[PDB]
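See below for the structure under consideration.
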Amino acid sequence: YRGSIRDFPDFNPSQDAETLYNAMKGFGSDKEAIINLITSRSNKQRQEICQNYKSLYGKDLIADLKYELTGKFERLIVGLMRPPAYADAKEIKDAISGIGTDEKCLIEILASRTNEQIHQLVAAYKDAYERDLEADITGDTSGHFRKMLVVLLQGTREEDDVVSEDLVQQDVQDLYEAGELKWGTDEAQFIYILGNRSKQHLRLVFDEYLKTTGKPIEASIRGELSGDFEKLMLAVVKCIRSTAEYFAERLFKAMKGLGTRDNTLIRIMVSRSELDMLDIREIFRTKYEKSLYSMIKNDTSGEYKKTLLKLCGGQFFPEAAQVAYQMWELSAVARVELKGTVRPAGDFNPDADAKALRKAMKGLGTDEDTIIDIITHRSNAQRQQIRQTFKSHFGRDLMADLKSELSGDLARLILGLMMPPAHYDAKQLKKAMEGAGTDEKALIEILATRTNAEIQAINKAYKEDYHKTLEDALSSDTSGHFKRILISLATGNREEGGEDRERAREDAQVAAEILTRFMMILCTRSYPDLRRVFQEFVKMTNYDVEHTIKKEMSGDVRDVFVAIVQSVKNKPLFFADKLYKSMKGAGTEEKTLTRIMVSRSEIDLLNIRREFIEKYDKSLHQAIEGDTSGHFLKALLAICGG
Ligand SMILES: [Ca+2]
Ligand SMILES: [Ca+2]
Ligand SMILES: [Ca+2]
Ligand SMILES: [Ca+2]
Ligand SMILES: [Ca+2]
Ligand SMILES: [Ca+2]
């Protein structure tokens, strides 16, 4: 049983109805009792209770509840009383009935519900409202989106059976040609296959597609479709692979950033409470920093929160384990292409650049707009050229002039862009260790993200600018395991070769025991090897490395390793995650925000931009646009590149 709420052992329906009656007795009601009851009984038992109540009093429990309660807390409780099928119908009703139209709800339900659930859905709609669901849907949606929805409404998807490897491969190429190989996508094609083929078949098709293409099916869909259809087709895929994972992220999305999408939270927590709530939790914790319980506890309040925490629940299983494993498989096989946001300027004229720069700095005030239009629109290399030119033209150091004429975050941003990669990092590391305390966050981000070549370049740039070895510096500002671990990474001496299934299983065993060598493995093994090592870990312990690190490590030590693991799993994502935090909350960390924007502006910033929008449903553009302002915002948005 992967549900969070199960049948209450030895339950007295008649008494429960009596307790519900007495709970609402007098002015108001004993909400603490109502929630503890309803939330401690299966939807089936709730139906019996609601039944005994109708006879024992001749009143409607749901109608009565609707009166004695109010607010989100009411929607939740009343929603928990409605039969599964009739609950879905209500959600759909609200979505297509009113002012706007919740396509998010339409997609969540229609793309996840099974053939039976779908049939029980449309039936409950016609019964509860005496209206045709297909007609209502068809008349409230347009385009391929409407089509796909109607196809999903038929609930006539071929159900699991023996897979025909011949048809699987035929579908793999069919999809490939209908999408990846073309400018756009054959909607009619994807709708038919992704909508008719069995989940078991498609799952094997998706696996085949990645192994023979290099990228997951969604990678070929993303950006190749438009509007709600893209989202819908991306949701169907996710659901086919794992509905637990779908709701896992769908949930995270409803609580992400100030303000909650309570309507989605209640719908999901209620609908999956007796299906895969447990797996969703196992996946949520693994896929995200905070646990479902923690996220809900911090986003909701009152009885509404207490109820949600009860619905939630608070080793892996066939599902939660599959996802974790497949997560590493993808990261290991996926053929990703790193792309920056700022590219070399065409018709590059250093002489004209240095002139415009010199001009925009003369006088009392400093023309910053021009300074930004140039600097932020030139590759770090071209920038180094403007420095050379500027100097060999005016006999003055551009940096010194820039540093003096500029100030604040802007000065830090602009001057940061003018510094060569290896030197910017060196400066960063030096600052993190200067003064009182250590910017543990800065050191980790860098030392746990940079490569052997990058670390080598850094180690050198450091000795120069700051006559002292990067190690010596580290030993001066840090200590303990944090220092040992950091110093290790600062050696840029990690294995480069491919994976070794032999050593892998061995290394994996080391991680299993912990639940010095571990450090060596996480600091010495090549990323491709570690990727496999983690594959073997989930296969022999049933847990994910992240869980071993969290359970046996804490604080900085735990953050360096998690940073490393994340860097090996999905570097761009790790940065998108860090970029979100910097702008998360009332304040803003222009420091981290600036460091990441600059450092990755020419490596994989575009990649980060996508991982950001996909996971937080909002472009980095708007993300920055809302936090920063003035000239700091102008320059930043320049690096973002759209
Ligand atoms: Ca009310
Ligand atoms: Ca395509
Ligand atoms: Ca929130
Ligand atoms: Ca000036
Ligand atoms: Ca310090
Ligand atoms: Ca902020």
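Going through region 256-271 one residue at a time, which ones are surrounded by fewer than 22 Cβ atoms within 10 Å (Cβ to Cβ) and either within 16 Å of ligand 2 (Cβ to nearest atom) or of a type outside the set (S, T, N, Q) (or both)?
Of everything in region 256-271, those that are surrounded by fewer than 22 Cβ atoms within 10 Å (Cβ to Cβ) and either within 16 Å of ligand 2 (Cβ to nearest atom) or of a type outside the set (S, T, N, Q) (or both) turn out to be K256, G257, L258, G259, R261, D262.
Among the residues of region 141-161, is any more than 28 Å from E208 (Cβ to Cβ), in a helix (DSSP H, G or I) and of a type in the set (G, A, S)?
No, region 141-161 contains no residue that is more than 28 Å from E208 (Cβ to Cβ), in a helix (DSSP H, G or I) and of a type in the set (G, A, S).
Hey, does region 283-305 have a residue that's part of a helix (DSSP H, G or I), over 30 Å from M583 (Cβ atoms) and not hydroxyl-bearing (S, T, Y)?
Yes: region 283-305 contains one or more residues that are part of a helix (DSSP H, G or I), over 30 Å from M583 (Cβ atoms) and not hydroxyl-bearing (S, T, Y).
Among the residues in region 511-526, are any buried (at least 18 other Cβ atoms within 10 Å of the Cβ), under 23 Å from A320 (Cα atoms) and touching a helix residue (DSSP H, G or I) at 6+ places or on another chain (Cβ under 8 Å)?
yes
Under 7 Å between Cβ atoms, at least 6 apart or on separate chains: pull out the pairs that start in region 30-48 with a residue that is closer than 19 Å to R2 by Cβ and end on any residue that is polar (S, T, N, Q).
Hits for this filter: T39/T307.
Assigned to a helix (DSSP H, G or I), over 20 Å from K306 (Cα atoms) and in contact with a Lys or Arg (Cβ under 6 Å, 6 or more places away or on another chain): which single residue out of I266, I240 fits that description?
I240
Does region 55-62 contain any residue that is in a loop (DSSP other than H, G, I, E, B), under 20 Å from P83 (Cβ atoms), more than 16 Å from ligand 5 (Cβ to nearest atom) and not assigned by CATH to the domain that holds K305?
Scanning region 55-62, I find at least one residue that is in a loop (DSSP other than H, G, I, E, B), under 20 Å from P83 (Cβ atoms), more than 16 Å from ligand 5 (Cβ to nearest atom) and not assigned by CATH to the domain that holds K305, so the answer is yes.
Show me the helices (runs of 4 or more DSSP H) found entirely inside region 478-557 where at least 1 residues are more than 22 Å from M433 (Cα to Cα).
501-514, 517-524, 527-541, 545-552
Condition test on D228, is it surrounded by fewer than 17 Cβ atoms within 10 Å (Cβ to Cβ), away from ligand 4 (no atom under 16 Å from the Cβ) and either among the charged types (D, E, K, R) or part of a loop (DSSP other than H, G, I, E, B) (or both)?
No, not satisfied.
Quick grid of which residues meet (1) more than 16 Å from ligand 2 (Cβ to nearest atom); (2) closer than 26 Å to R600 by Cβ; (3) among the small types (G, A, S):
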| residue | (1), (2), (3) |
| --- | --- |
| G408 | yes, yes, yes |
| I444 | yes, yes, no |
| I458 | yes, yes, no |
| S475 | yes, no, yes |
| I487 | yes, yes, no |
| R503 | yes, no, no |
| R517 | yes, no, no |
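Name, by its number, the condition in (1) surrounded by fewer than 19 Cβ atoms within 10 Å (Cβ to Cβ); (2) of a type in the set (D, E); (3) touching a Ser or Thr at 6+ places or on another chain (Cβ under 7 Å); (4) within 20 Å of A638 (Cα to Cα) that does not hold for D409.
Unmet for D409, out of (1) surrounded by fewer than 19 Cβ atoms within 10 Å (Cβ to Cβ); (2) of a type in the set (D, E); (3) touching a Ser or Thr at 6+ places or on another chain (Cβ under 7 Å); (4) within 20 Å of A638 (Cα to Cα): (1).
All of this is worked out from the model, or read from it or from the source named; no laboratory instrument gave them. Neighbour counts are summed over all protein chains in view; Cβ atoms, including those assigned to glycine, are modelled from backbone coordinates with ideal geometry.
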